[PDB]
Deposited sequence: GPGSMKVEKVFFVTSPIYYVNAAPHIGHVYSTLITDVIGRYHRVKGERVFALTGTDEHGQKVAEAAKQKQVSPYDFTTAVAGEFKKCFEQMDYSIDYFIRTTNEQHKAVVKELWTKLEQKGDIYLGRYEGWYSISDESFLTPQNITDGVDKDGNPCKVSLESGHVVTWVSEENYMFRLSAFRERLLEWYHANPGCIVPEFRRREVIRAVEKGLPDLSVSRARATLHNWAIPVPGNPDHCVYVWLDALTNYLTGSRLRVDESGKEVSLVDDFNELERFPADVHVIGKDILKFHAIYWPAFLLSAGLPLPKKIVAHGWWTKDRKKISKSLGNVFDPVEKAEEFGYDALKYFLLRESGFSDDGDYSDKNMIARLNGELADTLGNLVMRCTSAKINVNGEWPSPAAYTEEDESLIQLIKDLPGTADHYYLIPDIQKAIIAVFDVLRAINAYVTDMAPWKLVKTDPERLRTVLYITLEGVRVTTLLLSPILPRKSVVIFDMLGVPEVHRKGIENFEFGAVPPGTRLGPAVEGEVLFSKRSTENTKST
């Protein structure tokens, strides 16, 4: 089924400025998007801001400014941040957008007509900071700004308040069996696996119905009104999750401005999401509520939700560290260092260690070696002579790599894709050391042709598979290698030997480097 590969980030609350959390989530989205574009597929990558709800309105009131002004400014800060970070996101959505509001109204109305929304009551705990309803088992004792004894969330540690409101309720309980069917028929639909297991356990235990509206006073009137009932506002999460549906229906001009909302998602071939990227902190909303809504509405379900080990929401400024160590370098570090855990060492020490050892010593070294005038005297891709068994072992690794990296990218597990490429880069480095092409220039020119050609091709293929991770440096590497544009994307070019011998290398600069090593 040919469609537009649809990949999303969460949309971020605008109560506060962009920080590393949002940059990381959106980086993952961006990397996935880029990989599928290099694969030759149509892609639509989505990110944006979550602008309604009690939390934002209280932040605005804290800053003594109107919610309208406040959201607009902070959304601008997010856009500027993602421009600075050099992403390639196709559209930036804001929930204040009038077309999004229309979509929310359609979806709400569909649920209501399907009999899945009734007027009832929520009486229980609520974390305003997480916009999350919580049962008594998810709360405990803690403290607030005052230092008074209060109740806090077990999920997040944020302060919880007791709510008692007549609310529109969504019949979430009715979807338990179907959600379980969905998880089991699609055992790759939630990644990583242990988070899939978490979701299943929770749903097995039982599902309550879910408040999908709140009284307008409670939200300081900063939300989407319920269709046919102005006293109630749409829950910030039903609002928020719907952004994915809205995005899938917006025609977008060359400047990234939304120009038109289509009636039928099928017109644009995006919905549903192939990959929803999220932090672990919002798994339940994406793996339980969201698909229940879609099931109620007769809409297709997303293929994959991937939940990373960070929270979606001692200073760590990504722009600052990118200006210090390089943008691609920082992106590589964030994607290499962290698995599906809030673990890994993000210190300057380890950043420099990975920069120096992996980027400079392994990749950069090898790029310079095979393009050096001392070794590559003719400044071109040589025609190989006959291959030894050792040559063939390296070639085999290079040939196998695209299929290996492809599976990892599709899981998705970007850390493993990176590790796989670098395993091949280490192997190529070892080969070069064993063959000592610098000695071969004088000794055996025929042998050098073979060695040089394999090395070049190894660098090309590894770099191609690293191009989603290192988008700018990949271009520099291809320029040095003289790889024509046409050979820089497309699955045809994953294949060993796509760049013919005789291809000239790009020009040299006197003292250039690819990655500058840094002091220890």
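No C-alpha coordinates means not modelled. Give me those stretches of the deposited sequence in order.
The deposited sequence has unmodelled segments at 1-6, 320-329, 537-542.
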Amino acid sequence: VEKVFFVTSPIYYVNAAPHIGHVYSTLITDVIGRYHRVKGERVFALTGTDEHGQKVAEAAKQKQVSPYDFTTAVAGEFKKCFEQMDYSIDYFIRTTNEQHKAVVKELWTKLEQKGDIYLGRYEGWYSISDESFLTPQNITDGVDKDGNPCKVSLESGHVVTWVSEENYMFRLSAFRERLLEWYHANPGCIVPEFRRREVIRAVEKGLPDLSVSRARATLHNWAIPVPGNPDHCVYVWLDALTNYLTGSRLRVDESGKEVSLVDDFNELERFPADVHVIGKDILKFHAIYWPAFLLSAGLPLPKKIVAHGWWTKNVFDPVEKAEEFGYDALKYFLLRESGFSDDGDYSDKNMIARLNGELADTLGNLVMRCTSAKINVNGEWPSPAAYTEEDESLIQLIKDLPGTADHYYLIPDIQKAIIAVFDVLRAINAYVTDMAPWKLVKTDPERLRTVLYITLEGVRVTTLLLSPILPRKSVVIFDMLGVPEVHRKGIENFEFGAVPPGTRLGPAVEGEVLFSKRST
From here on, numbers count along this sequence of modelled residues.
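Take the two forms, superpose them, and find the largest set of C-alpha atoms that agree within 1.5 Å; that set is the rigid core.
Compare 336-344 with 430-438 and report which one shows the larger root mean square C-alpha deviation from this form in 9 other deposited structures of this protein once the rigid core is superposed.
The more displaced stretch in 9 other deposited structures of this protein turns out to be 336-344.
Quick one: core-superposed, which stretch strays further from the shown model in 9 other deposited structures of this protein, 345-353 or 155-163? Go by RMS C-alpha distance.
Stretch with the higher C-alpha RMS distance in 9 other deposited structures of this protein: 345-353.
Compare the mean C-alpha B-factor of 20-28 with that of 508-516 as given in the PDB entry, and name the stretch with the higher value.
Here the higher of the two C-alpha B-factor means belongs to 508-516.
Higher mean Cα B-factor in the deposited model: 497-505 or 9-17?
Comparing 497-505 with 9-17, the higher mean C-alpha B-factor belongs to 497-505.
Member of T455, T462, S66, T47 with the greatest C-alpha B factor (per the PDB record):
Each of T455, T462, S66, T47 was compared by C-alpha B-factor; the highest is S66.
Between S393, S173, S129, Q84, let me know which has the highest C-alpha B-factor in the entry?
Max CA B-factor in the entry, restricted to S393, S173, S129, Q84: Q84.
For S248, does the deposited CA B-factor place it in the lowest, middle or highest third of the chain?
Lowest third - that is where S248 ends up once the chain's C-alpha B-factors are sorted.
In terms of the chain's CA B-factor thirds, is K284 lowest, middle or highest?
Within its chain, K284 is a lowest-third residue by C-alpha B-factor, going by the deposited values.
Chain third (lowest, middle, highest) by recorded CA B-factor, residue given as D239:
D239: CA B-factor falls in the lowest third of its chain.
When the modelled residues of the chain are sorted by Cα temperature factor, does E58 land in the lowest, middle or highest third?
Highest third, going by the recorded CA B-factors of the chain.
If you rank every modelled residue in this chain by C-alpha B factor, which third holds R196: lowest, middle or highest?
Its C-alpha B-factor belongs to the middle third of this chain's values.
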